[PDB]
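Chemist: Quick one: this structure, given as structure tokens, is what I'll be asking you about.
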Amino acid sequence: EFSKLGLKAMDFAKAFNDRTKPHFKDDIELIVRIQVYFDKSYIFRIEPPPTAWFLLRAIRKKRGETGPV
RNA sequence: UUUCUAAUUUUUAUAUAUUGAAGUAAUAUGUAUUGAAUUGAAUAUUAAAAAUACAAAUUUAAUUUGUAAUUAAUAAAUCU
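Residues 71 to 139 in the deposited numbering are what the first sequence lists, from first letter to last.
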């Protein structure tokens, strides 16, 4: 999606990992809110995992096991 | 229809518009869950969960963008 706009996202991933590689239990899928301005300069907030991710952990169920009745 | 006359029924009757409301804004459970190659309100089914209002769409292979934001607009007042 950067390359749709010509941005070598090989950098952002590093700027991401400049903030997310430590601090974190392994395999914690975070949400990134990338926001691209008319100058193409992005600004991104990292956010705790989606609560649906939390919920399946706290009950120990994989994808497809849970459902509305 | 005796004849002159008089008379109250007439190839004259009323027809649906004012307004291509189109500016006013970044986000935040959430890309719910399931079924799914994929689906993020806009595949399929499923629809009474919430909170700090905007899930019956367009759009995209998916999203984001981008259109859209429940409003003044009184023909009725017979025309004879």
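Cβ coordinates follow ideal geometry from the N, Cα and C atoms, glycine included.
Taking just the CA atoms, how far does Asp88 sit from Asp109?
Modeler: Their backbone Cα atoms lie some 23 Å apart in a straight line.
Chemist: In the DSSP assignment, what are the bridge partners of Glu117?
Modeler: Beta-bridge pairing links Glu117 to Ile101.
Chemist: For the pair the region 127-137 and the region 89-108, tell me if three or more CB-CB distances fall below 8 Å.
Modeler: At 8 Å Cβ cutoff, the stretches do not touch.
Chemist: For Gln105, which residues of its own chain have a beta-carbon under 6 Å away from its beta-carbon, when the five flanking residues on both sides are left out?
Modeler: Within the same chain, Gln105 has close Cβ partners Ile113.
Chemist: Cutting at 6 Å between CB atoms, please list the residues of its own chain near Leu75, excluding the five before and the five after it.
Modeler: Result list for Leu75: empty, nothing under 6 Å.
Chemist: Expressed to the nearest angstrom, what Euclidean distance is found between the alpha-carbon atoms of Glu117 and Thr136?
Modeler: Distance between the alpha carbons of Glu117 and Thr136: 24 Å.
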